[PDB]
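Take a look at the structure below.
Note: hydrogens, waters and symmetry copies are ignored here, and every other heavy atom, side chains too, is used. Below, read A as the first sequence line, B as the second, and so on, with proteins coming before strands; counting in each chain starts at 1.
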4 protein chains.
Amino acid sequence: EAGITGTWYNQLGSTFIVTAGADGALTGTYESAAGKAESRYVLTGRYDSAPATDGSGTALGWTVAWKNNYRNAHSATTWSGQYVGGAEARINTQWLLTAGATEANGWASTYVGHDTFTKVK
Amino acid sequence: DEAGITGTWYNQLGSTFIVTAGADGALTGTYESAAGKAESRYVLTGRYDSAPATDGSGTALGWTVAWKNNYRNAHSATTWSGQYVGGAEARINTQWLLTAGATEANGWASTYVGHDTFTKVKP
Amino acid sequence: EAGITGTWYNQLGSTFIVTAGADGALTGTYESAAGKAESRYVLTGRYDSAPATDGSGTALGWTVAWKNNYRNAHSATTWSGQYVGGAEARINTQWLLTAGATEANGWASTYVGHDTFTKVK
Amino acid sequence: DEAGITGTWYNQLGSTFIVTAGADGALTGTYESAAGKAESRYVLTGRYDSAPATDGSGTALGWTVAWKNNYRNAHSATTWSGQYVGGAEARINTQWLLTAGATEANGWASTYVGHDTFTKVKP
Ligand SMILES: O=C(CCCC[C@@H]1SC[C@@H]2NC(=O)N[C@@H]21)NC1CCN(c2ccncc2)CC1
Ligand SMILES: O=C(CCCC[C@@H]1SC[C@@H]2NC(=O)N[C@@H]21)NC1CCN(c2ccncc2)CC1
Ligand SMILES: O=C(CCCC[C@@H]1SC[C@@H]2NC(=O)N[C@@H]21)NC1CCN(c2ccncc2)CC1
Ligand SMILES: O=C(CCCC[C@@H]1SC[C@@H]2NC(=O)N[C@@H]21)NC1CCN(c2ccncc2)CC1
C-alpha cells in the first residue's frame, strides 16, 4: 500500500485519491480539472502487488465512469501505466476515453492521451 | 444495462471475460487470456455507465486486469476502454492499453495498444 | 510494389489509393467517408521494402493532413500497421488523429482508432 | 509554419528529428533514434497543416519512419501524430504508434504506443 496510497495530481491539476489494497485492488476517487466533469467520481483498478525487484516500475490501471450524483457524460476513462518510486515518486500513464456512440459516430468515440501523476500541485 | 453486460464474453483471441455489472456502476469478475504470459483466471475490476443514453448510443465502460494470480506474475496490467452495444448480438467493442513494469532504459517500449471485440458466442 | 500498390477500402468505406515505391515510399490519395473531409487528400508514408520471410506482415505507415483545395480541418491522421498477403490480403492499422489545439484543449486533441483495409467495398 | 517547423529537433530520449516543411504541406527528412533496434539515420516522410488556425491553436502534423536503412532492418514502422507549437520555445508534442511485422500468433502484441515531445535544444 505504502507508495501508491495517497493523493496524486496530474499535469492538468486533476486530483487522484487512491488506496492500494493488499490484494492488488485500487479504490478511490478522481476529480478531473478538464472535460464534462464536476466533483468526485468513483474509480476502481488493479496493480501488481508483487512487482519485480530489478528497478522497474509497478504496473497498474484504473477506470472512471463519468457518472456521479451531479452529471453523466456517458463516457469512461481507463488509465494504464506504472508507479515509480524514488526521490520524485511518479505514476506515469497513458489513457483511453471512450464515449457512448452510435454506429455513424463510432470512429470518433475514443480519445487517447497521457497523464503524469506526482504528489505536488 | 445490467442484464445485458452481465455474462460470459469471448474476444477474437478466444479469451474469456466473465463480468457482473452491479447497480452502482461497478464491474467485477475474472479474465482468462488466450494470449501472452497468462494462464487461468485473473481478477478484474472496472466501471460502466449505469444510466446510458437512449438515443441509440452504446454504453461506455472500462476495466483493468493486473497480470498476477496464484500461478504467474507478468508484471503488467491491461486496461480495456470501450462500450457495450445491445441488439441481435450484444457486443463490447474495446481498445486496450497494456503497460509492463519498465526501467528508464525500457520505458519508451512499456505499452502495447490494441483492440478487442467481445461477443457471448463460444469460439 | 506488388501487393500494396492499388486501391483499398476500410470498414467505413473510405478509399485508400496508394503506390509503394521500390525505395520504401508510400504515395497516393485518401478519401474519408467520415469526419470533416471531402474529396481527395494527399498522403505520404513509408513501408519495409525488405520484410521478414517468416510469415509476418510488412510494417508500414502513412500520414494525411486534412487540408486540400476545398477544406482545412486543422488536423492530421497517421495510420500505423502492416500489410498481410494471402487469399484475403489486408492492411491492418491503428491510427491517431491529432487536431490543432490550445493549451486548455490539448488533453482532448487526439483520437485513436483502428482501420482494416481490404480490396473490396 | 515553414520556418518554424523546419529545423533539427530532439525528443526526451535524445533522438534527432531533422525535418523540412515544404510549401505543399509535406515533411521530409531523417530520423535517428536514441532507443531500440536502430542506428544512424532513417528516411521519414509526413504531412502538416500548411494553413493553420490563427486562434492560438497548434499546427497539426504527422510523419512515418520505417525502421530499415542500409545498416539495419527492424521490420517495424513508427508514425508520430501531433502538433507544432511556436513561441518562446517551439515544441512538437506527439503521440506515436510503432507497429512491428507480426504473425497471427503475435498480432495482438504488434503495436507499441507512446508520446514524444520535441524541442530544438541539444541534449
Ligand atoms: O469530458 C468527459 C469526461 C471527463 C474526461 C476528463 C479526461 S480523463 C483523461 C484526462 N485526464 C484528466 O485528468 N482529465 C481528462 N467526457 C466527454 C469527452 C468528449 N466526448 C466525446 C464524444 C464523442 N467522441 C469522443 C469524445 C463526450 C464525453
Ligand atoms: O503477456 C502479458 C500478459 C497477458 C496479456 C494478454 C493481452 S491483454 C490485451 C490482449 N487481449 C487479450 O485477451 N489478451 C491480450 N504481459 C506482458 C509481459 C511483458 N510484455 C512487455 C511489453 C512491452 N514492453 C515490455 C514488456 C509483453 C506482455
Ligand atoms: O474530421 C476530421 C478529419 C477527417 C478524419 C477522418 C478519420 S481518419 C481515421 C478514420 N478513418 C477514416 O477513414 N476516416 C476517419 N478532423 C476533425 C476531427 C474532430 N476534431 C477534433 C478537435 C479537437 N480534438 C479532437 C478532435 C476536429 C478535426
Ligand atoms: O526497436 C525498433 C526500432 C526503433 C524504434 C524507436 C522508437 S520510435 C518511438 C520512440 N521514439 C523514439 O525516438 N524512439 C522510439 N523496432 C521494434 C522491433 C521489434 N519490436 C516489437 C514490438 C512489439 N511487437 C513485436 C516486436 C520492438 C521495437
So which residue, [options], ends up with the most heavy-atom pairs under 4.5 Å with chain D?
options	answer
C/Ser75, C/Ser109, C/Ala52, C/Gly24	C/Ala52
C/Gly45, C/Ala25, C/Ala73	C/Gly45
C/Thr110, C/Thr58, C/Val42	C/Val42

Of all the heavy-atom pairs spanning D/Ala77 and C/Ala59, show the shortest one and how long it is.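 Closest approach of D/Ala77 to C/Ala59, heavy atoms only: N-CB, 3.7 Å.
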Shortest non-hydrogen contact from D/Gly62 toward C/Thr78: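 Scanning both residues completely, I find the closest heavy atoms to be CA-CG2, 3.8 Å.
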Counting only heavy atoms not in D/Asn70 (residues, nucleotides, ligands), do more than 12 fall under 6.0 Å from its CG?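 For D/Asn70, atom CG is not crowded (no more than 12 foreign heavy atoms under 6.0 Å).
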Answer yes or no: does atom NZ of D/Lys120 have more than 12 heavy-atom neighbours from other residues, nucleotides or ligands under 6.0 Å?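 Yes.
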Report yes if the side chains of C/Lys67 and D/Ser50 come closer than 4.5 Å at any heavy-atom pair, otherwise no.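 Yes, side chains in contact.
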Are any non-hydrogen side-chain atoms of C/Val64 and D/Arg47 less than 4.5 angstrom apart?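 Side chain of C/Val64 against side chain of D/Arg47, heavy atoms only: no contact under 4.5 Å found.
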[X], part contacting chain C, at a heavy-atom distance under 4.5 Å:
X	result
D/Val113	neither
D/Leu27	neither
D/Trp96	backbone

Sub-3.5 Å donor-acceptor pair from the side chain of [X] to the main-chain atoms of [Y], do we have one?
X	Y	value
D/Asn73	C/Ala50	yes
D/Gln83	C/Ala99	yes
C/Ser80	D/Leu97	yes

Between D/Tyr42, D/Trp63, D/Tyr84, which shows the greatest number of heavy-atom pairs under 4.5 Å with chain C?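 Maximum pair count with chain C is reached by D/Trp63.
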D/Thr78, D/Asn106, D/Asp49: which one forms the most heavy-atom pairs within less than 4.5 Å of chain C?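 Option with the greatest count: D/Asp49.
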Region of C/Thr27 that comes under 4.5 Å of a non-hydrogen atom in chain D: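 For C/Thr27, there is no contact with chain D at all, as no heavy atom is under 4.5 Å.
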